[PDB]
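K.L.:
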Amino acid sequence: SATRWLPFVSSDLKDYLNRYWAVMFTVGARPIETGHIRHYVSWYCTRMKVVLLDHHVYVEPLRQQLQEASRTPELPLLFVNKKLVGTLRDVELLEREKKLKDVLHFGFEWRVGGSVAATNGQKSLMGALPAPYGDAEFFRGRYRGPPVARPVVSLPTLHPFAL
Amino acid sequence: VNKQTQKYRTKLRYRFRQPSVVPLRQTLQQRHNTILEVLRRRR
Amino acid sequence: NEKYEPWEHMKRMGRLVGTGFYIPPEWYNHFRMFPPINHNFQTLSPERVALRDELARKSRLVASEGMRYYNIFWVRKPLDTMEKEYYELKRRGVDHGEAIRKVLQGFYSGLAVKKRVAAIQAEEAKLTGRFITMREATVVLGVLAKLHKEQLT
Amino acid sequence: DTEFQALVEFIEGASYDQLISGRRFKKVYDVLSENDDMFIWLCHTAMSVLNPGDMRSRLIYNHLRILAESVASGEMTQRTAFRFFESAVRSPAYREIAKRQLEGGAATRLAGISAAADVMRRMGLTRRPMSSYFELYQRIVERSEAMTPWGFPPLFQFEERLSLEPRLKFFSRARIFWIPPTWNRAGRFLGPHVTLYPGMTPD
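Chains as they are written, first to last, in the deposited numbering: chain Fa, 5 to 167; chain FJ, 10 to 52; chain Cb, 25 to 66, 86 to 196; chain DL, 82 to 255, 279 to 307.
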């Protein structure tokens, strides 16, 4: 409007975090791990800035600064609310623990103990109160739970990157 | 503008366009999960 | 929508109470004494940087392409000697480029003296055959190990 | 006690017709959830993240305390109280106090919600005299307003619009939200009379 359109570029990692809400720094040789984070972030309707490090003018400054924020040299890396989310093992962990909604929308991770993935029916306490004197193992007539099933053989997957 | 600048302007308008993000498939996915939970819990 | 606002609701409650035929609740007078919260009405010195840039750019060419000497040891003492000689010449205030010329001439003479004493010590260590540097010891501990790996296969 | 009376009626009905029906469980779900303790816990967990030494936080604390006492007295309805609460929460003074309490590290919000439970016990803001401590345990051990770093439930109605704009991807950029009637095929029962919400799917 008042200014002509211009592509944003920076030699420092701090200017990318202070500008966008969700920044991702990818490579062109890794299309599967990039597209999985594209599916997760767009599912929660979050605006995202994808920075392809192939054909960039500050590759060597940005590859050094991404090594300091995240100790692993693995790309892509998700950055939400000036914090480090991590690689696909960190994004899928928040999706499994149902934490990816409040990370992408409000910029914080739940520090609540206990897992919300293994729930049945309504979510209540259901024996989450602390037992007196411990010793939950010594009562062998306890409620073991419903019987679960396990596959005898592994079925062939649809795609190697289906998951 | 002339014909060339008008064609390039409408090409840039169709190329860089902001769509209407209406969360419809997530609504239907939440409804599908709720219907599956009702069918699992109650006969 | 501003038609549902705590200030508008307080104004509506106040003009409802001001008739005299409506009895105020406790929160009306308790909000007159505690109103709702509103959103409105609220290193290195740079000359030394340029000097070290010029001196590093002019010393890198005399050390790399000029002298062809890559095993130079303890460069910080001749570089700080270049700095202190530059400040000594800037005390009297002679020139700018000529001070750099004399500083680079002194640095070249110091590099030549260090190269000559390194060559003299290396020549006297190689002539007598009694003294062995640590790099030669590392290289014989490596090559005897490689000869033993040849013996192992 | 009307909740124990409704539980007695539920037990008598489930012993009468010898099955767990839909009418009786809906009745006791309506009886056991008539309490306004949710909004009182909202106001008190907003009061917990404040500063007892700052005068601005004292003003916010007394405002939210008066709001919770007016809700518990029944003199103020729930919708105007929610408007008062979201106007007190969206202010930059309260958000700056919450940011300072986050930047502290030895935060006083745990003693805040503990004193809040003691106040709700003493002033009669609950249904049972010892239910506020179980509600405190429920706020602590579960995902709730007490584990949010700013002290309100994390919905987008309690967060500012200028922070809502760059994060979320809504209908159009650069109130009650509706589907416009250009979508003749949106879902099976979706239409223009079906409202949508920015940060949640209530379906």
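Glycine residues also receive a C-beta, built at the ideal position from the N, C-alpha and C atoms.
1) Quick one: is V10 (chain FJ) near chain Fa, going by C-beta distance under 8 Å?
2) Is there contact here, the region 25–35 of chain FJ with the region 293–306 of chain DL, by at least three beta-carbon pairs under 8 Å?
3) Which chain FJ residues are close to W47 (chain Fa), counting only those with a beta carbon under 8 Å from its beta carbon?
4) Take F237 (chain DL) and list the residues in its own chain whose beta-carbon comes closer than 6 Å to its own, dropping the five residues that flank it on each side.
5) According to DSSP, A26 (chain Fa) sits in a beta bridge with which residue or residues?
6) Within 8 Å, do at least three Cβ pairs link the region 114–132 of chain DL to the region 197–213 of chain DL?
7) Should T158 (chain DL) be flagged as near chain Cb, meaning a C-beta pair shorter than 8 Å?
8) With 16 other CB atoms within 10 Å as the buried threshold, where does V95 (chain Fa) fall?
9) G39 (chain Fa) versus chain FJ: which residues are under 9 Å apart at the beta carbon?
10) Along the chain, where does the alpha helix (DSSP H) containing residue 335 (chain DL) start, and where does it finish?
11) Along the chain, where does the alpha helix (DSSP H) containing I178 (chain DL) start, and where does it finish?
12) Give a yes or no on whether 8 Å exceeds the smallest Cβ distance from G131 (chain Fa) to chain FJ.
13) Could you work out which residues of chain Cb lie near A149 (chain DL), taking near to mean beta carbons separated by less than 9 Å?
14) CB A197 (chain DL) to CB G232 (chain DL), shorter than 8 Å?
15) Quick check: is the beta carbon of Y46 (chain Cb) nearer than 8 Å to any beta carbon in chain DL?
16) By the DSSP assignment, the alpha helix (DSSP H) with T126 (chain DL) in it spans what residues?
17) Who are the neighbours of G303 (chain DL) on chain Fa, taking C-beta pairs under 7 Å?
18) Is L100 (chain DL) closer than 8 Å to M128 (chain DL) when the C-beta atoms are compared?
19) Does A122 (chain Fa) pass the burial test, meaning 16 or more other C-beta atoms within 10 Å, or should it be called exposed?
20) If you compare alpha carbons, which of Fa:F110, Fa:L162, Fa:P136 is closest to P234 (chain DL)?
21) Taking DSSP's pairing of strands, which residues face residue 274 (chain DL) in a bridge?
22) Does the CB of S244 (chain DL) have a neighbour CB from chain Cb at under 8 Å?
23) Provide the residue(s) that pair with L249 (chain DL) in DSSP beta bridges, ordered along the chain.
24) With C-beta atoms as the reference, is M157 (chain DL) less than 8 Å away from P49 (chain Cb)?
25) Please indicate yes or no: does the CB of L300 (chain DL) lie closer than 7 Å to some heavy atom of the ligand HEM?
26) Thinking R220 (chain DL) and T126 (chain DL) are a contact (beta carbons under 8 Å), I'd like their distance in whole angstroms, please.
27) Straight-line CA distance for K250 (chain DL) to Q66 (chain Cb)?
28) For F174 (chain Cb), which residues of its own chain have a beta-carbon under 7 Å away from its beta-carbon, when the five flanking residues on both sides are left out?
29) Quick check on the DSSP output: the alpha helix (DSSP H) that includes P121 (chain Cb) runs from which residue to which?
30) Listed from N- to C-terminal order along the chain, which residues in the region 66–90 of chain Fa have their beta-carbon within a distance smaller than 9 Å of any beta-carbon of chain FJ?
31) Under the rule that 16 or more other beta-carbon atoms within 10 Å means buried, what is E240 (chain DL), buried or exposed?
32) Can you tell which of DL:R208, DL:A87, DL:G205, DL:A192 has its C-alpha closest to the C-alpha of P133 (chain DL)?
33) Does any residue of chain Cb have a CB that is nearer than 8 Å to the CB of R176 (chain DL)?
34) Only counting the same chain, and skipping five residues up and downstream in sequence, which positions put a Cβ closer than 8 Å to that of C49 (chain Fa)?
35) List, in order along the chain, the chain FJ residues whose C-beta lies closer than 9 Å to that of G125 (chain Fa)?
36) For the alpha helix (DSSP H) that contains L187 (chain Cb), what are its first and last residues?
P.N.:
The answer reads as follows:
1) To locate residue 10 (chain FJ), count along the second sequence from 1; it is residue 1. By the rule that beta-carbons nearer than 8 Å mark a contact, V10 (chain FJ) does not touch chain Fa.
2) For the pair of segments examined, the region 25–35 of chain FJ was found to touch the region 293–306 of chain DL: the number of CB pairs separated by less than 8 Å reaches three.
3) Within the first sequence, numbered from 1, the residue matching residue 47 (chain Fa) stands at position 43. Listed by position along chain FJ, the residues whose Cβ is nearer than 8 Å to that of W47 (chain Fa) are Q35.
4) Position 156 of the fourth sequence, counted from the start, is the residue given in the question as residue 237 (chain DL). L245, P302, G303.
5) For the purposes of this step, residue 26 (chain Fa) is taken as residue 22 along the first sequence, with counting starting at 1. Looking at the DSSP output, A26 (chain Fa) shares a beta bridge with Fa:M52, Fa:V84.
6) Judged by Cβ distances under 8 Å, the region 197–213 of chain DL makes contact with the region 114–132 of chain DL, as three or more pairs qualify.
7) Mapped onto the fourth sequence, residue 158 (chain DL) falls at position 77. Chain Cb contact via Cβ: absent.
8) For the purposes of this step, residue 95 (chain Fa) is identified with residue 91 of the first sequence, where counting begins at 1. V95 (chain Fa) is buried by the Cβ-count criterion.
9) Here the question's residue 39 (chain Fa) lines up with position 35 in the first sequence. Neighbourhood of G39 (chain Fa) in chain FJ, by CB distance below 9 Å: empty, with the nearest CB roughly 17 Å away.
10) What is shown of chain DL runs 82 to 307, which leaves residue 335 (chain DL) out entirely.
11) By one-based count along the fourth sequence, residue 178 (chain DL) stands at place 97. Run containing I178 (chain DL): 173–185, per the alpha helix (DSSP H) assignment.
12) If you number the first sequence from 1, residue 131 (chain Fa) lands on position 127. With 8 Å as the cut-off, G131 (chain Fa) does not count as an interface residue toward chain FJ.
13) Taking the first residue of the fourth sequence as 1, we reach residue 149 (chain DL) at position 68. Neighbours of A149 (chain DL) across chain Cb, judged by C-beta separation under 9 Å, do not exist; the nearest C-beta is about 10 Å away.
14) Locating residue 197 (chain DL) in the fourth sequence gives position 116, where the first residue counts as 1. Locating residue 232 (chain DL) in the fourth sequence gives position 151, where the first residue counts as 1. In this structure, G232 (chain DL) does not lie closer than 8 Å to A197 (chain DL) by Cβ.
15) Mapped onto the third sequence, residue 46 (chain Cb) falls at position 22. False, the Cβ-Cβ gap to chain DL never drops below 8 Å.
16) Numbered from 1 along the fourth sequence, position 45 holds the residue referred to as residue 126 (chain DL). Looking at the DSSP string, the run of the alpha helix (DSSP H) that includes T126 (chain DL) is 118–128.
17) One-based indexing of the fourth sequence puts residue 303 (chain DL) at position 199. In chain order: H109.
18) Counted from its first residue, the fourth sequence places residue 128 (chain DL) at position 47. Counted from its first residue, the fourth sequence places residue 100 (chain DL) at position 19. Taking the C-beta atoms as reference points, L100 (chain DL) is found no nearer than 8 Å to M128 (chain DL).
19) If you number the first sequence from 1, residue 122 (chain Fa) lands on position 118. Result: exposed.
20) If you number the fourth sequence from 1, residue 234 (chain DL) lands on position 153. Nearest neighbour of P234 (chain DL) by Cα position, chosen from Fa:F110, Fa:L162, Fa:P136, turns out to be Fa:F110.
21) Note on chain DL: numbering goes from 255 to 279 directly, and residue 274 (chain DL) within that interval has no coordinates.
22) Within the fourth sequence, the letter at position 163 stands for residue 244 (chain DL). Closer than 8 Å: no.
23) What you label residue 249 (chain DL) is simply residue 168 of the fourth sequence in a count that begins at 1. Paired residue(s): Fa:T50.
24) Position 76 of the fourth sequence, counting from 1, holds the residue named residue 157 (chain DL). Position 25 of the third sequence, counting from 1, holds the residue named residue 49 (chain Cb). A contact, by the Cβ cut-off of 8 Å.
25) No copy of the ligand HEM occurs in the structure displayed, which carries no ligand at all.
26) Start at 1 with the first residue of the fourth sequence, and residue 220 (chain DL) comes out as number 139. Start at 1 with the first residue of the fourth sequence, and residue 126 (chain DL) comes out as number 45. Correct: roughly 7 Å between the Cβ atoms.
27) Residue mapping note: residue 250 (chain DL) aligns to position 169 of the fourth sequence, counting from 1. Residue mapping note: residue 66 (chain Cb) aligns to position 42 of the third sequence, counting from 1. For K250 (chain DL) and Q66 (chain Cb), the distance between alpha carbons rounds to 28 Å.
28) Here residue 174 (chain Cb) refers to the residue found at position 131 of the third sequence. Closer than 7 Å at Cβ, skipping near neighbours: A168.
29) Locating residue 121 (chain Cb) in the third sequence gives position 78, counting from the first residue. Element bounds for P121 (chain Cb): 119–135.
30) Along the region 66–90 of chain Fa, none of the residues has a CB nearer than 9 Å to a CB of chain FJ.
31) The residue labelled residue 240 (chain DL) in the question sits at position 159 within the fourth sequence. So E240 (chain DL) ends up on the buried side.
32) In the fourth sequence, residue 133 (chain DL) corresponds to position 52, counting from 1. The candidate whose alpha carbon is nearest that of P133 (chain DL) is DL:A192.
33) Residue 176 (chain DL) sits at position 95 when you count from the first residue of the fourth sequence. No, its Cβ sits nowhere closer than 8 Å to a Cβ of chain Cb.
34) Position 45 of the first sequence, counted from the start, is the residue given in the question as residue 49 (chain Fa). Closer than 8 Å at the Cβ level, and outside the excluded window around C49 (chain Fa), lies no residue.
35) Along the first sequence, one-based indexing puts residue 125 (chain Fa) at 121. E46, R49, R50, listed in chain order.
36) Residue mapping note: residue 187 (chain Cb) aligns to position 144 of the third sequence, counting from 1. Start and end: 177–195.
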